[PDB]
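Colleague:
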Amino acid sequence: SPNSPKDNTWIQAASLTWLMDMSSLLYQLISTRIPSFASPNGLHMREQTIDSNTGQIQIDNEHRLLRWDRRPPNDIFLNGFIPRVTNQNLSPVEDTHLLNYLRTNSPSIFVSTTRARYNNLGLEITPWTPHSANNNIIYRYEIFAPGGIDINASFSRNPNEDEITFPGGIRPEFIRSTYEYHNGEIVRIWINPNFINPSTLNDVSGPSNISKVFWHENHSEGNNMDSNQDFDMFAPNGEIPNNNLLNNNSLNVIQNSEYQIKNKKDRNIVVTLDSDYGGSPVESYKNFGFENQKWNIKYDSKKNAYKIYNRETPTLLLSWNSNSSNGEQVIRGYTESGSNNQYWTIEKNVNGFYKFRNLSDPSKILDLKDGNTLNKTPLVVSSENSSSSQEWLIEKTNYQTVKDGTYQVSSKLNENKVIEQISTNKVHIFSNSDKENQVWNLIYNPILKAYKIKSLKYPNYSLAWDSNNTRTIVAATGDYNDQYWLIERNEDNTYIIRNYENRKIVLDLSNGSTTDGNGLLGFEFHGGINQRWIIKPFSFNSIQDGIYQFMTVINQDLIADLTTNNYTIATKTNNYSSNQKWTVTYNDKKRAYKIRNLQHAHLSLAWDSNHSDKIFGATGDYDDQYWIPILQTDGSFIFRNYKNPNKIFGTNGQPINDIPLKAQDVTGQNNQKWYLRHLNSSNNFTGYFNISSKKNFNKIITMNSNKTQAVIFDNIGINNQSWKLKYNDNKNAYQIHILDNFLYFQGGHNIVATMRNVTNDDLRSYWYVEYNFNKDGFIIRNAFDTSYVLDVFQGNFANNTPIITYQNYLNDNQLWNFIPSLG
């Protein structure tokens, strides 16, 4: 699409992850319902939400966002902000109708946030605040996310000027913290370990003498709530009360928790306790996430300093023995002695790194010997340097990195090469084709802080390391600790999948080879490309149950029709008859859909697998009658057959009237793709509209003075240009009327009348309103004779040119927008 956003960024945060590679289409669907005058420059996307020297999310005042929400952390930190609409079959009528959302708070794919506010000295101001904020339990979420739409910069409708809106919502890793309010007062500051930058968790600020807590799932005090979800972010439900300073910046301490300490000179190396006995040296070692490489940092108020306890051996503290003969400068682990030489002050510098200096001698700074990053080189104490070997990152440990559910796991080398389970015990890399044995159930174990990766087809088997024999990756029974995996998120959004019991061992695509059938290894961690994995949400019930038509992508006027010739299903001109409608129903056991004809319910769309490539209405129940809908980047679907997911139903070559559907190998071409009309849905027009021409947005359907005919005419804001759309649910069509005057069909080639006295069943007064994806506009097609559509006569846009009905060519003078008006 032309003039759309240059890249993904505006929607990279989406909770609806499948949405992220549909930038072009989403922008089109959002735009069609936005009149040129309402957004003269088109919508503005937040700039600079990501860096361009790292790609990382920018965390500063200017991009700090807030969301008021009544839902607690046990929900929000687990799920993120999921929109009210999550349907993969998106419609431009309501689901993506931004202005309706903004004006009505109607259900959509949108989730709103409000900018944090600061004065010209950079101190935080009272933000946009819901009117109910001092009543009962509400939360104030802190967000740093890629993209988002800048509403104020987008629109001129008089309004929260700080509203930033996210299509497809916001994933939980972009939520750093939240304030818990009980009746106006702040009671708690929650911090999310899983935030995208786990080394900025101690930059969270709030009022003094209010406790900060690191959240985990099912936190005992973590779902405090009252007895829709966007109520308190809706512009008319809040405002900016004033420009007061907020009570903040009241710690600047390291919160008591589990951390890793990483050197600035080499971030791959961490502070690690060598052994579990008194006087064991503390060394740098390559990070493999061992317990002895983790420390509990504990603050002392009175001394303004910290003790640092090893996690593997908690009775041992990171110590410098200032009472040694030899006067050693080395660091060791000793038991609690009472001395200040096991206390450290922790100061953050200009660039946001930490220096450790010993409390007993503050001139002594925590450093690596001679500035070496080599494994096992002792941690020492030394005098102040300009050197980066005495600068450290204090990183919050974080384990629950992905939500429980179904995923496809593929290699960074090639994201269409997925981990596939063949037979039961065997796993290998293979090209994706969206099958059950290519989908894995990841379930977190709260005790182990690690994941079981379970076969979807064979739940008894999980991904395991064959540690005692082949050292290969296999699938096996049992529930042993070495069948659990630590899933660590990298900066490039890939993951390391690390064995819980043998932490040197990670999932490794053998020799970095992406040839079909290549094996996986448990191999020593190096972090190279063949050890990095993409973990992508996969859902088998992508679409909702309902009554549907299948429109071909190439010609949306052609739909899948159960014909009377034998039982063959073919593409035919749409009439909205029963045999052209299908009930689509998900099956749990098959993880696939049955597509039963609405006229002939005993017949379901089926492939003649045994015999031929025929698509037809077949009786009974069988594997070849089940289909897996796979969303395409252009909003259409492809339907893989359960029996052979390499087969889909489409047409040979170009779809034309009465050519049979055929089962064929997936090819990605347009003749295999279908747009879904969900007849049964709630994406219907209600209220009053100016019906404007795609050719000229200021030219709109107008009832003439005599009230006899529809004409085209400049939008002059009159009663005769504001049409009520009255939806009839039985007919899937609209009456379009001004008072008792109805848009009324008078025959093909003829001027469209406006008629009084129309009966409820008079199909001449009924119109289908059909979105066309390729031309980006709506067809308005008569219900009495479905061959004819509203058409600006001769494509002449002079004032008073009649509207006629004519065959559909998808000409610009046959395409329409619906702009909300007043009644």
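Residues 7 to 829, numbered by the numbering used here, are exactly what the sequence shown covers, in order.
Backbone N, C-alpha and C fix where the C-beta goes; we use that ideal spot for every residue, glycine too.
1) Just the Cα atoms here: how many angstroms apart are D782 and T38?
2) Going by beta-carbon coordinates alone, are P661 and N561 separated by less than 8 Å?
3) In the DSSP assignment, the beta strand (DSSP E) including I449 goes from what residue to what residue?
4) Put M231 into one of helix, strand or coil per three-state DSSP.
5) Only counting the same chain, and skipping five residues up and downstream in sequence, which positions put a Cβ closer than 8 Å to that of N702?
6) Can you check whether the CB of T184 is closer than 8 Å to the CB of residue 846?
7) Who are the near neighbours of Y750 in its chain, counting only those whose CB is closer than 6 Å to its CB and skipping five residues on each side?
8) Would you call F43 buried or exposed, if buried means 16 or more other Cβ atoms sit within 10 Å of its Cβ?
9) Since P826 is in the beta strand (DSSP E), which residue starts that stretch and which ends it?
10) To test your reading of the DSSP string, which unbroken beta strand (DSSP E) runs of 3 or more residues are found completely within the stretch 164 to 215?
11) Quick check on DSSP: helix, strand or coil for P384?
12) If you draw a straight line from the alpha carbon of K595 to that of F529, how long is it in whole angstroms?
13) Determine, using beta carbons only, whether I744 and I810 come nearer to each other than 8 Å.
14) Answer yes or no: do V445 and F544 have a C-beta to C-beta separation smaller than 8 Å?
15) Hey, how far is the Cα of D746 from the Cα of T765?
16) In this structure, how does DSSP classify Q537 when only helix, strand and coil are distinguished?
17) Who pairs with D373 in a beta bridge, going by DSSP?
18) Just mark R194 as buried or exposed, buried being the case when its beta carbon has 16 or more other beta carbons within 10 Å.
19) So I575 packs on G623, CB below 8 Å; how close in whole Å?
20) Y349: which of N332, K370, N357 sits nearest, CA to CA?
21) Using DSSP with H/G/I as helix, E/B as strand and the rest coil, what is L513?
22) Does the distance from the C-beta atom of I493 to that of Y501 stay below 8 Å?
23) Pick helix, strand or coil for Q396, following the three-state DSSP scheme.
24) In three-state terms, what does DSSP make of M51?
25) In terms of residues, what are the limits of the beta strand (DSSP E) holding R602?
26) Hey, is the stretch 375 to 385 in contact with the stretch 267 to 276, meaning 3+ C-beta pairs nearer than 8 Å?
27) Using DSSP with H/G/I as helix, E/B as strand and the rest coil, what is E68?
28) How is the alpha helix (DSSP H) around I157 delimited, first residue to last?
29) Using 10 angstroms around the beta-carbon of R163, count the other beta-carbons present and answer buried if the total reaches 16, otherwise exposed.
30) Hey, would you say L462 sits closer than 8 Å to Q94, going by beta carbons?
31) In chain order, which beta strand (DSSP E) runs of at least 3 residues are fully inside the stretch 575 to 659?
32) Checking 8 Å against the spacing of the C-beta atoms, do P178 and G86 come in under that value?
33) Run the CB neighbour count on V356, radius 10 Å, all protein chains shown included, and call it buried at 16 or more, exposed below.
34) If you follow the alpha helix (DSSP H) that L769 is part of, which residue opens it and which one closes it?
35) In terms of residues, what are the limits of the alpha helix (DSSP H) holding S29?
36) Looking at the structure shown, is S468 part of a helix, part of a strand, or coil, going by DSSP?
Modeller: So, to answer that:
1) Between the alpha carbons of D782 and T38 lies a distance of about 7 Å.
2) yes
3) 446 to 451
4) coil
5) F803
6) An answer regarding residue 846 cannot be provided, because it is not within the stretch 7 to 829 covered by the chain.
7) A759, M761, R770, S771
8) Looking at its Cβ environment, which holds fewer than 16 other Cβ atoms inside 10 Å, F43 is exposed.
9) Unbroken beta strand (DSSP E) run through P826: 822 to 826.
10) 169 to 173, 181 to 188, 191 to 197
11) strand
12) 36 Å
13) The answer is no: Cβ separation not under 8 Å.
14) yes
15) 11 Å
16) helix
17) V386
18) buried
19) About 6 Å; that satisfies the 8 Å criterion.
20) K370
21) strand
22) yes
23) helix
24) strand
25) Unbroken beta strand (DSSP E) run through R602: 598 to 603.
26) In short, these stretches touch, since the Cβ pair count reaches three.
27) If DSSP states are grouped into helix, strand and coil, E68 belongs with the helices.
28) DSSP places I157 in the uninterrupted alpha helix (DSSP H) bounded by 157 to 160.
29) Classification for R163: exposed.
30) Note that the C-beta distance between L462 and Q94 is not below 8 Å.
31) 575 to 579, 588 to 593, 598 to 603, 610 to 613, 621 to 624, 632 to 637, 643 to 647, 653 to 656
32) Between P178 and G86, the C-beta gap is smaller than 8 Å, which places the two residues in contact.
33) By the 10 Å Cβ count, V356 comes out exposed.
34) For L769, there is no enclosing alpha helix (DSSP H), as DSSP gives it neither H nor E.
35) 29 to 38
36) strand
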